[PDB]
């Protein structure tokens, strides 16, 4: 209602001290003119403020500002976030935050994966390991039969079986479920060993 909006407006003039505390509003004959409304609109705006004990009003005797504190609190009622449109903008800000966060994460991951890719580059002779714990047609076969290099690019360097590490197992060595294979190669050779025993 316009008359209530005008009450807010009058209360703002109180807070800014344009209608000072303790003084009859000097401009009462013209208070409607200040807000571009009719006299009846301003009169009703005044009654709203009197109910709120921001002013007193007495016919033929003027309007007295009796509390600026209560006007400050009244304006607090309408600055607070309110209404569905604001809650929607709230949710939309969250969506925009997430878009920014995902974009940030994109760069972090790209830098992270690119540099971790380089870890092994200056350690060609650092082995990979592979625990042989899936069933596979390739178990209980000797290295000579397995053609592991042909099929993966890996060179087996060691084997752990029954709790003993066997370096340089050789072609007669048989792999068993539960063994760990150690081998050297590039990152393709790791993936290809993995596929081969899956």
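Numbering follows the first chain given and starts at 1.
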141-149 set against 60-68, stretch whose average Cα temperature factor tops the other in the entry = 60-68
Between the two ranges 131-139 and 43-51, the one averaging a larger CA B factor in the entry = 131-139
Residue 161 by Cα B-factor - lowest, middle or highest third of the modelled chain | highest
On the chain's distribution of Cα B-factors, residue 21 falls within the third called highest
Could you look up the Cα B-factor of residue 31 in the entry and say which third of the chain it sits in: lowest, middle or highest?
-> highest
Which third of the chain does residue 111 land in by C-alpha B-factor: lowest, middle or highest?
-> highest
Chain-wide C-alpha B factor ranking for residue 126, given as lowest, middle or highest third | lowest
